[PDB]
Amino acid sequence: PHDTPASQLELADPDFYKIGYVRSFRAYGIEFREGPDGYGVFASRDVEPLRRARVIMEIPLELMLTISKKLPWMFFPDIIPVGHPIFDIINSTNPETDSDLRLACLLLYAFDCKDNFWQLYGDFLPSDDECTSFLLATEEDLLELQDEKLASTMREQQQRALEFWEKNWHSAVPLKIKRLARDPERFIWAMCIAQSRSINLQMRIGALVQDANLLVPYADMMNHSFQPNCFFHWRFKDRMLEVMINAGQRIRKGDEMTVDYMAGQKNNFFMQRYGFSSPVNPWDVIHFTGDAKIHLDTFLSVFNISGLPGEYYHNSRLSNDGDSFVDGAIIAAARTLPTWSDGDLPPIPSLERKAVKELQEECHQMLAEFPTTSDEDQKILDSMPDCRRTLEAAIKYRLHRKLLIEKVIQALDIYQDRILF
Amino acid sequence: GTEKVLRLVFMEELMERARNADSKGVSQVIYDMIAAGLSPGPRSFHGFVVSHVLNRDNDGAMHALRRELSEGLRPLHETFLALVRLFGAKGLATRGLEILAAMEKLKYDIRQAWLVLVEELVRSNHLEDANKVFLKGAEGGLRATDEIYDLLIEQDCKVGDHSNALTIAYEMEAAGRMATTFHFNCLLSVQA
Amino acid sequence: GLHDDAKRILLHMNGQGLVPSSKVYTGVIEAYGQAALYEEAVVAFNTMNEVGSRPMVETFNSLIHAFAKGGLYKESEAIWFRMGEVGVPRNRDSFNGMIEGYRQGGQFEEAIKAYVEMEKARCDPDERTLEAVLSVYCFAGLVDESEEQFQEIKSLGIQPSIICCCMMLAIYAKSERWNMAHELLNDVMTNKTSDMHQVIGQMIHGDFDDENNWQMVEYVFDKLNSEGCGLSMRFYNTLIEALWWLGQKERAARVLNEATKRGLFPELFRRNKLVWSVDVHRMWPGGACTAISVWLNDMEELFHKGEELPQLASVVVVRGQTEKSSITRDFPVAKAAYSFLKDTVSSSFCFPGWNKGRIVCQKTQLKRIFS
């Protein structure tokens, strides 16, 4: 058969869609498939380059769970009754930093309220075993990462979650409150789901325009990319969220529909919120305290990176000969390496050669400080296929950091050869 | 291997000259290049362009270019750029505009360059052309930096041109940025 | 042939404001053609193109001669094909320049085909055309075959000029005919040709060279400036060819000194901190050998004195688009320049791997033969 990204994966139960379809959820030109990773959204038809955007999914407001960002707290689907004990817990949270906690509490209530889509949908959400969030990680996994700072942050976060459970789920609490989170692991699952699956958007319901934090069903099955096919839009009149294909992009059958979770952020943040890391994060930083600087403009020219500093892209028409070396990481490189660009005077070739070596020296030092080499790491990963999901994540963070340092060495060298035609 | 050592040795020289701006020195090295049989290079031509560029020789910069163009190499991006910067100082708006068209034909992104021409023209006191260059660019769809928009609106209002200023404000808006009190205050100066 | 002055005149004309007219370009390319600054010539033609002024056939017959001075046959074929579509006829000097370019280069078969095309088009072959047809059989091993054109020249007109007599003498001397050619040598020295054609011939025979005897040929050397670099360089090249192959090497390769002092042989040698080479792209095989003899010695003269050696010493023998080709070795000059070097010096030098159109020597390698 045809090779497509979707082919490898298997179709999900008919019931994922049905539960939604009876309520007014509609999907157009899309499927849904499952695999070891979890659910993902794929295409089932070909769309030619288009003049304006096309809707792939429409999700109504009632299915969702939502809280406002600012102080008067307004919950739009409005599940919570007036006078219920849960509001006191939600009200006593710092307005600025903790929204994760507020969202967790709401989700737990939803599981206890009858005829709420969530009672049915939660069955499809990730379990304690299958979620990659690091809130659910042991001392050992935290150790494997090999980073002191990421590790520390995670522990402070794990403690913040426990403290809340102890303070509010004490002995005297009314049973309505107790049933919602009897054990402390349940609170943690909820915070894990809130952090990993939350979306922030501005919504207009009626005449009120507010900014909110929301948990939305069926749109959480999209995956991250830094070169994204689709986006999220609020249609006010029918009170719905629309997921839409970007204008001008050809999409072929079997392809993966993707969205971008946060923009401009490094791999450390992705791990704290989502437990995912990318080999190519265009925005990652490798730090050199070394004095030397290569000239900027030339860097761009050899590797055909065009654009303003904020937005760098590889022009591929200029690169008639099919190239592949230039990717997210070479772009990442441009931003990080210290550079000198002055006036229009051209760089002296010998003068720069000194710089390349001194810079590479720092890279060798960096790679060495770590306990294991890149090839060693692959081996550990390959050794055990079934393992705690958090552990595979930690090892993969390491492989990725190292691999970017290595790519830079390879790249700085190619500069040398091409400076002199 | 051997070529490398030699190619490397020759180049250090071209550069040495280019920085001190002797276009002539380079020319000999350029002829030297055909003698050693060292291949003509886009990078090599670059030094020459800069040499005239350093010293305000329009004919010269163009002259170099004409040769490279004839050789058949597609010129490196930076070279075209310096040309624009120089041409811009000197008010050669049409000529500068002409360079841009070529940059496009050889599959290049022209946004970065367009901004440079417009910016310089204002420092070099030829506002009328600067406005004309921006508007043409805007029609095409080329987006602009925030700082540029602001410069043009302020400068025009100080001289007195309401017409050009409002046209630019309207375009900032259509592109996406919306006005703030700064922009209005400038406009009001001419209005009152 | 001054082109520095041509560039100054063009700059002053551009500063004035008047757009340059058509003929101006024709001359410049001819000036540059002599020095082989093809790129410099190319930009001049292109400026003619940039103006968009219609180009007269004069520009085309100047460009064919400017491109034939070096020996780029592919450029000649390209411009000849473009002349067919631009809408101009092919006159006599165009074919003359084409065959002249083919002479110093390869492809000896196309010359007779182009001449039979001239005959088909009723080109009315002139004296230069017949000289070129005679030279067609000169560079090749066809000594006895190159005699019917000589008889045609002797019959239809006066005896051929010295540029043909000395050429035929060198051809006879290249084969196994040394003493039978002395009577043909005395023929050109005991005939009723022009006045200056009589003194030429005694400058090679005998001694004839001292503070006063060699001063007599100075007048003949300075009077030939009326040609305008057209046949003067041809005359000097043919003289060196007929003098060095069979004769005294110290007596033959000494005309290059006064030729460079005159300004008719430029860029025979490149000297710089990075490069130190010799361009013989517009020269025939024998004299190349001679300069080298001087070149080695000129260096030796500097050698005791002391001086940094170049990073790469090249020998520009063949240029043009054809440079990156394996067909380069087939060239007429290639067969013999290499030969002289092969006998005289240890051959570290050979064709470069990046460009197979010259002969280069590495720095360390040059030092070894020098010592």
# chains A, B, ... in the order shown; residues from 1 in each chain; ligands from 1
>>> interface_residues(of="chain C", to="chain B", cutoff="8 Å", atoms="only C-alpha atoms", output="PyMOL selection string")
chain C and resi 39-40+42-43+270+272+274-279+311-316+354-355+357-358+360+362
>>> residues_around(residues="stretch 210-217 of chain C", least_positions_apart="4", cutoff="9 Å", atoms="only C-alpha atoms", output="PDB file with C-alpha atoms, in the first residue's frame")
ATOM      1  CA  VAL C 199      67.641  43.988 -44.202  1.00  0.00           C
ATOM      2  CA  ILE C 200      65.413  41.398 -42.501  1.00  0.00           C
ATOM      3  CA  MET C 203      69.672  40.138 -38.573  1.00  0.00           C
ATOM      4  CA  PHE C 221      61.606  47.712 -35.113  1.00  0.00           C
ATOM      5  CA  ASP C 222      60.193  51.202 -34.537  1.00  0.00           C
TER       6      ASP C 222
END
>>> closest_atom_pairs(of="stretch 137-237 of chain C", to="stretch 242-263 of chain C", cutoff="10 Å", atoms="only C-alpha atoms", output="CSV")
residue,atom,partner,partner_atom,distance
C:163,CA,C:242,CA,9.6
C:165,CA,C:242,CA,9.3
C:166,CA,C:242,CA,5.6
C:167,CA,C:242,CA,6.2
C:168,CA,C:242,CA,8.5
C:169,CA,C:242,CA,6.6
C:170,CA,C:242,CA,4.6
C:171,CA,C:242,CA,8.3
C:172,CA,C:246,CA,9.9
C:173,CA,C:246,CA,6.3
C:174,CA,C:245,CA,7.3
C:178,CA,C:246,CA,8.7
C:203,CA,C:251,CA,9.5
C:204,CA,C:243,CA,7.1
C:205,CA,C:247,CA,8.9
C:207,CA,C:251,CA,9.2
C:209,CA,C:251,CA,8.6
C:218,CA,C:258,CA,9.1
C:221,CA,C:258,CA,8.7
C:222,CA,C:262,CA,8.4
C:225,CA,C:262,CA,9.7
C:229,CA,C:263,CA,9.9
C:232,CA,C:259,CA,10.0
C:233,CA,C:259,CA,8.9
C:236,CA,C:255,CA,7.9
C:237,CA,C:242,CA,8.7
>>> write_last_selection(atoms="C-alpha atoms", output="compact mmCIF listing (two decimals), in the first residue's frame")
# COMPACT_ATOMS: atom_id res chain seq x y z
CA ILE C 163 55.61 36.52 -41.83
CA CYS C 165 58.71 33.21 -45.47
CA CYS C 166 60.11 32.83 -41.95
CA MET C 167 57.14 30.62 -41.04
CA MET C 168 57.90 28.27 -43.94
CA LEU C 169 61.58 28.38 -42.97
CA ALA C 170 60.75 27.29 -39.41
CA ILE C 171 58.49 24.58 -40.86
CA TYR C 172 61.34 23.27 -43.02
CA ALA C 173 63.71 23.44 -40.05
CA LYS C 174 61.27 21.47 -37.88
CA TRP C 178 68.46 21.72 -42.55
CA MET C 203 69.67 40.14 -38.57
CA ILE C 204 69.53 36.37 -37.98
CA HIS C 205 72.40 35.27 -40.23
CA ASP C 207 76.66 38.02 -35.99
CA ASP C 209 74.71 42.27 -33.06
CA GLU C 218 66.10 49.46 -34.21
CA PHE C 221 61.61 47.71 -35.11
CA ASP C 222 60.19 51.20 -34.54
CA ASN C 225 54.01 50.86 -35.56
CA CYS C 229 49.17 45.95 -33.25
CA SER C 232 53.21 43.71 -35.51
CA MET C 233 52.66 41.11 -32.79
CA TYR C 236 57.37 39.39 -33.73
CA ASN C 237 55.82 36.00 -32.96
>>> interface_residues(of="chain A", to="chain B", cutoff="9 Å", atoms="only C-alpha atoms", output="PyMOL selection string")
chain A and resi 297-298+301+306-308+315+317-318+344-351+417+419-421
>>> write_last_selection(atoms="N, CA and C atoms", output="PDB file, in the first residue's frame")
ATOM      1  N   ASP A 297      27.018  37.873   8.937  1.00  0.00           N
ATOM      2  CA  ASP A 297      26.408  37.830   7.628  1.00  0.00           C
ATOM      3  C   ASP A 297      26.839  36.661   6.801  1.00  0.00           C
ATOM      4  N   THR A 298      28.098  36.327   6.899  1.00  0.00           N
ATOM      5  CA  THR A 298      28.588  35.217   6.168  1.00  0.00           C
ATOM      6  C   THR A 298      27.914  33.960   6.623  1.00  0.00           C
ATOM      7  N   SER A 301      24.894  33.445   4.788  1.00  0.00           N
ATOM      8  CA  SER A 301      25.069  33.221   3.365  1.00  0.00           C
ATOM      9  C   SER A 301      25.454  31.836   2.945  1.00  0.00           C
ATOM     10  N   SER A 306      17.766  33.130   5.324  1.00  0.00           N
ATOM     11  CA  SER A 306      17.332  34.466   4.960  1.00  0.00           C
ATOM     12  C   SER A 306      16.356  34.981   5.987  1.00  0.00           C
ATOM     13  N   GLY A 307      16.203  36.294   6.098  1.00  0.00           N
ATOM     14  CA  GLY A 307      15.186  36.821   6.986  1.00  0.00           C
ATOM     15  C   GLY A 307      15.705  37.841   7.961  1.00  0.00           C
ATOM     16  N   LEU A 308      14.822  38.391   8.781  1.00  0.00           N
ATOM     17  CA  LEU A 308      15.236  39.338   9.798  1.00  0.00           C
ATOM     18  C   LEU A 308      15.726  38.531  10.967  1.00  0.00           C
ATOM     19  N   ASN A 315      15.986  29.544   2.618  1.00  0.00           N
ATOM     20  CA  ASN A 315      15.368  29.622   1.294  1.00  0.00           C
ATOM     21  C   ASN A 315      15.749  28.437   0.489  1.00  0.00           C
ATOM     22  N   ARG A 317      14.645  27.595  -2.664  1.00  0.00           N
ATOM     23  CA  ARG A 317      14.776  27.777  -4.081  1.00  0.00           C
ATOM     24  C   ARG A 317      16.180  28.205  -4.395  1.00  0.00           C
ATOM     25  N   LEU A 318      16.877  28.739  -3.409  1.00  0.00           N
ATOM     26  CA  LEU A 318      18.189  29.228  -3.648  1.00  0.00           C
ATOM     27  C   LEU A 318      19.020  28.022  -3.585  1.00  0.00           C
ATOM     28  N   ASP A 344      30.433  47.297   6.671  1.00  0.00           N
ATOM     29  CA  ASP A 344      30.435  46.421   5.523  1.00  0.00           C
ATOM     30  C   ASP A 344      31.786  45.761   5.313  1.00  0.00           C
ATOM     31  N   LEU A 345      32.763  46.050   6.170  1.00  0.00           N
ATOM     32  CA  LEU A 345      34.099  45.518   5.909  1.00  0.00           C
ATOM     33  C   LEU A 345      34.126  44.004   5.966  1.00  0.00           C
ATOM     34  N   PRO A 346      34.704  43.379   4.938  1.00  0.00           N
ATOM     35  CA  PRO A 346      34.695  41.918   4.883  1.00  0.00           C
ATOM     36  C   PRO A 346      35.649  41.289   5.885  1.00  0.00           C
ATOM     37  N   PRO A 347      35.292  40.113   6.412  1.00  0.00           N
ATOM     38  CA  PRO A 347      36.135  39.439   7.403  1.00  0.00           C
ATOM     39  C   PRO A 347      37.448  38.919   6.839  1.00  0.00           C
ATOM     40  N   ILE A 348      38.516  38.966   7.626  1.00  0.00           N
ATOM     41  CA  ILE A 348      39.789  38.415   7.176  1.00  0.00           C
ATOM     42  C   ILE A 348      39.774  36.885   7.362  1.00  0.00           C
ATOM     43  N   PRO A 349      40.078  36.082   6.301  1.00  0.00           N
ATOM     44  CA  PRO A 349      39.902  34.639   6.478  1.00  0.00           C
ATOM     45  C   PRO A 349      40.742  33.978   7.526  1.00  0.00           C
ATOM     46  N   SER A 350      41.992  34.334   7.599  1.00  0.00           N
ATOM     47  CA  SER A 350      42.821  33.804   8.641  1.00  0.00           C
ATOM     48  C   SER A 350      42.335  34.283   9.986  1.00  0.00           C
ATOM     49  N   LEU A 351      41.874  35.522  10.060  1.00  0.00           N
ATOM     50  CA  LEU A 351      41.519  36.043  11.344  1.00  0.00           C
ATOM     51  C   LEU A 351      40.420  35.214  11.966  1.00  0.00           C
ATOM     52  N   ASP A 417      35.342  25.719   5.290  1.00  0.00           N
ATOM     53  CA  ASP A 417      35.618  25.321   3.957  1.00  0.00           C
ATOM     54  C   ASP A 417      35.008  26.273   2.982  1.00  0.00           C
ATOM     55  N   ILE A 419      34.282  29.555   3.259  1.00  0.00           N
ATOM     56  CA  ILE A 419      34.674  30.932   3.305  1.00  0.00           C
ATOM     57  C   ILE A 419      35.561  31.121   2.128  1.00  0.00           C
ATOM     58  N   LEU A 420      36.422  30.151   1.890  1.00  0.00           N
ATOM     59  CA  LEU A 420      37.358  30.250   0.802  1.00  0.00           C
ATOM     60  C   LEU A 420      36.737  29.369  -0.207  1.00  0.00           C
ATOM     61  N   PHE A 421      36.337  29.909  -1.336  1.00  0.00           N
ATOM     62  CA  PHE A 421      35.588  29.088  -2.255  1.00  0.00           C
ATOM     63  C   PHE A 421      36.343  27.833  -2.641  1.00  0.00           C
TER      64      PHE A 421
END
>>> residues_around(residues="stretch 370-387 of chain A", least_positions_apart="2", cutoff="8 Å", atoms="only C-alpha atoms", output="PyMOL selection string")
chain A and resi 146+366-368+389+391-392+395-396+398-399+402-403
>>> write_last_selection(atoms="N, CA and C atoms", output="mmCIF file, in the first residue's frame")
data_model
loop_
_atom_site.group_PDB
_atom_site.id
_atom_site.type_symbol
_atom_site.label_atom_id
_atom_site.label_comp_id
_atom_site.auth_asym_id
_atom_site.auth_seq_id
_atom_site.Cartn_x
_atom_site.Cartn_y
_atom_site.Cartn_z
ATOM 1 N N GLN A 146 20.498 14.586 34.448
ATOM 2 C CA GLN A 146 21.838 15.147 34.479
ATOM 3 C C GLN A 146 21.883 16.639 34.547
ATOM 4 N N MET A 366 32.455 21.037 26.778
ATOM 5 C CA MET A 366 31.102 20.842 27.209
ATOM 6 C C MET A 366 30.678 19.424 27.113
ATOM 7 N N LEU A 367 30.985 18.773 26.010
ATOM 8 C CA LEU A 367 30.506 17.416 25.834
ATOM 9 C C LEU A 367 31.119 16.514 26.876
ATOM 10 N N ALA A 368 32.385 16.738 27.184
ATOM 11 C CA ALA A 368 33.093 15.897 28.145
ATOM 12 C C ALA A 368 32.561 15.925 29.550
ATOM 13 N N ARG A 389 7.752 5.672 31.307
ATOM 14 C CA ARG A 389 7.743 6.644 30.240
ATOM 15 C C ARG A 389 8.567 7.842 30.598
ATOM 16 N N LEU A 391 11.275 7.920 32.325
ATOM 17 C CA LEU A 391 12.661 7.594 32.106
ATOM 18 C C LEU A 391 13.137 7.698 30.685
ATOM 19 N N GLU A 392 12.363 7.240 29.734
ATOM 20 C CA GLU A 392 12.755 7.380 28.358
ATOM 21 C C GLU A 392 12.857 8.831 28.039
ATOM 22 N N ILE A 395 16.266 10.314 29.315
ATOM 23 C CA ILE A 395 17.389 9.946 28.511
ATOM 24 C C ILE A 395 17.340 10.701 27.219
ATOM 25 N N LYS A 396 16.167 10.859 26.662
ATOM 26 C CA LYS A 396 16.045 11.545 25.420
ATOM 27 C C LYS A 396 16.380 13.012 25.552
ATOM 28 N N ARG A 398 18.771 14.174 27.311
ATOM 29 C CA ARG A 398 20.210 14.176 27.231
ATOM 30 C C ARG A 398 20.714 13.975 25.857
ATOM 31 N N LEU A 399 20.146 13.047 25.129
ATOM 32 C CA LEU A 399 20.654 12.741 23.827
ATOM 33 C C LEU A 399 20.496 13.948 23.009
ATOM 34 N N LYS A 402 23.034 16.894 23.735
ATOM 35 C CA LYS A 402 24.328 16.549 23.228
ATOM 36 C C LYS A 402 24.356 16.601 21.751
ATOM 37 N N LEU A 403 23.322 16.120 21.129
ATOM 38 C CA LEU A 403 23.320 16.090 19.717
ATOM 39 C C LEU A 403 23.387 17.496 19.150
#
>>> residues_around(residues="stretch 97-112 of chain C", least_positions_apart="4", cutoff="10 Å", atoms="only C-alpha atoms", output="number ranges by chain")
C: 61-74, 76-77, 80, 92-93, 116-118, 128-129, 131-133, 135-140, 281-285, 318, 327-334
>>> write_last_selection(atoms="C-alpha atoms", output="PDB file, in the first residue's frame")
ATOM      1  CA  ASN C  61      34.162  41.630 -36.794  1.00  0.00           C
ATOM      2  CA  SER C  62      35.988  43.409 -33.970  1.00  0.00           C
ATOM      3  CA  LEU C  63      34.659  40.954 -31.376  1.00  0.00           C
ATOM      4  CA  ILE C  64      35.631  37.903 -33.435  1.00  0.00           C
ATOM      5  CA  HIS C  65      39.192  39.233 -33.671  1.00  0.00           C
ATOM      6  CA  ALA C  66      39.276  40.130 -29.970  1.00  0.00           C
ATOM      7  CA  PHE C  67      38.143  36.614 -29.033  1.00  0.00           C
ATOM      8  CA  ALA C  68      40.453  35.014 -31.615  1.00  0.00           C
ATOM      9  CA  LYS C  69      43.533  36.678 -30.101  1.00  0.00           C
ATOM     10  CA  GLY C  70      43.498  34.193 -27.224  1.00  0.00           C
ATOM     11  CA  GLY C  71      42.209  31.094 -28.980  1.00  0.00           C
ATOM     12  CA  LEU C  72      38.771  30.501 -27.459  1.00  0.00           C
ATOM     13  CA  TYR C  73      37.075  28.519 -30.221  1.00  0.00           C
ATOM     14  CA  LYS C  74      33.859  27.923 -28.265  1.00  0.00           C
ATOM     15  CA  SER C  76      33.964  32.171 -31.500  1.00  0.00           C
ATOM     16  CA  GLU C  77      31.400  29.501 -32.394  1.00  0.00           C
ATOM     17  CA  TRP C  80      29.189  33.213 -34.958  1.00  0.00           C
ATOM     18  CA  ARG C  92      35.500  38.373 -45.124  1.00  0.00           C
ATOM     19  CA  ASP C  93      37.216  39.594 -41.951  1.00  0.00           C
ATOM     20  CA  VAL C 116      34.867  25.919 -48.709  1.00  0.00           C
ATOM     21  CA  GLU C 117      31.913  27.744 -47.142  1.00  0.00           C
ATOM     22  CA  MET C 118      33.606  31.029 -48.062  1.00  0.00           C
ATOM     23  CA  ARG C 128      44.854  37.667 -45.448  1.00  0.00           C
ATOM     24  CA  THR C 129      42.470  34.801 -46.220  1.00  0.00           C
ATOM     25  CA  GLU C 131      47.703  33.609 -45.801  1.00  0.00           C
ATOM     26  CA  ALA C 132      45.384  31.954 -43.279  1.00  0.00           C
ATOM     27  CA  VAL C 133      44.694  29.067 -45.671  1.00  0.00           C
ATOM     28  CA  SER C 135      48.909  28.681 -42.307  1.00  0.00           C
ATOM     29  CA  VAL C 136      46.201  26.010 -41.980  1.00  0.00           C
ATOM     30  CA  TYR C 137      48.805  23.491 -43.180  1.00  0.00           C
ATOM     31  CA  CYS C 138      51.593  25.095 -41.115  1.00  0.00           C
ATOM     32  CA  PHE C 139      51.093  23.909 -37.522  1.00  0.00           C
ATOM     33  CA  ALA C 140      50.393  20.350 -38.716  1.00  0.00           C
ATOM     34  CA  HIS C 281      47.933  32.063 -24.078  1.00  0.00           C
ATOM     35  CA  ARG C 282      48.463  34.341 -27.106  1.00  0.00           C
ATOM     36  CA  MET C 283      51.795  32.809 -28.160  1.00  0.00           C
ATOM     37  CA  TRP C 284      52.919  29.938 -30.377  1.00  0.00           C
ATOM     38  CA  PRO C 285      55.120  27.045 -29.121  1.00  0.00           C
ATOM     39  CA  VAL C 318      45.294  27.901 -22.549  1.00  0.00           C
ATOM     40  CA  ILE C 327      40.497  18.007 -24.541  1.00  0.00           C
ATOM     41  CA  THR C 328      43.012  20.688 -23.501  1.00  0.00           C
ATOM     42  CA  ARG C 329      46.136  18.563 -24.046  1.00  0.00           C
ATOM     43  CA  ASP C 330      45.314  18.337 -27.776  1.00  0.00           C
ATOM     44  CA  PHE C 331      46.218  22.025 -28.255  1.00  0.00           C
ATOM     45  CA  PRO C 332      49.029  23.018 -30.656  1.00  0.00           C
ATOM     46  CA  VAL C 333      51.121  24.824 -28.077  1.00  0.00           C
ATOM     47  CA  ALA C 334      50.606  21.969 -25.629  1.00  0.00           C
TER      48      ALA C 334
END
>>> residues_around(residues="residue A:133", least_positions_apart="5", cutoff="7 Å", atoms="only C-alpha atoms", output="list in words")
residues 192, 274 and 275 of chain A
>>> write_last_selection(atoms="N, CA and C atoms", output="PDB file, in the first residue's frame")
ATOM      1  N   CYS A 192      -1.619  17.189  36.437  1.00  0.00           N
ATOM      2  CA  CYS A 192      -0.766  16.756  35.326  1.00  0.00           C
ATOM      3  C   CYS A 192      -1.513  16.905  34.088  1.00  0.00           C
ATOM      4  N   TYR A 274       5.203  19.846  29.555  1.00  0.00           N
ATOM      5  CA  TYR A 274       4.773  18.709  28.804  1.00  0.00           C
ATOM      6  C   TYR A 274       5.572  17.419  28.731  1.00  0.00           C
ATOM      7  N   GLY A 275       6.779  17.374  29.278  1.00  0.00           N
ATOM      8  CA  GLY A 275       7.611  16.183  29.221  1.00  0.00           C
ATOM      9  C   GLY A 275       7.968  15.746  27.820  1.00  0.00           C
TER      10      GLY A 275
END
>>> select_by_dssp(residues="stretch 208-320 of chain C", states="helix (DSSP H, G or I)", output="MDAnalysis selection string")
chainID C and resid 216:226 232:244 249:252 255:262 285:305
>>> residues_around(residues="stretch 99-110 of chain A", least_positions_apart="4", cutoff="9 Å", atoms="only C-alpha atoms", output="count of residues only")
37
>>> atom_distance(atom1="atom CA of residue A:283", atom2="atom CA of residue A:223")
18.3 Å
>>> atom_distance(atom1="atom CA of residue A:68", atom2="atom CA of residue A:221")
23.2 Å
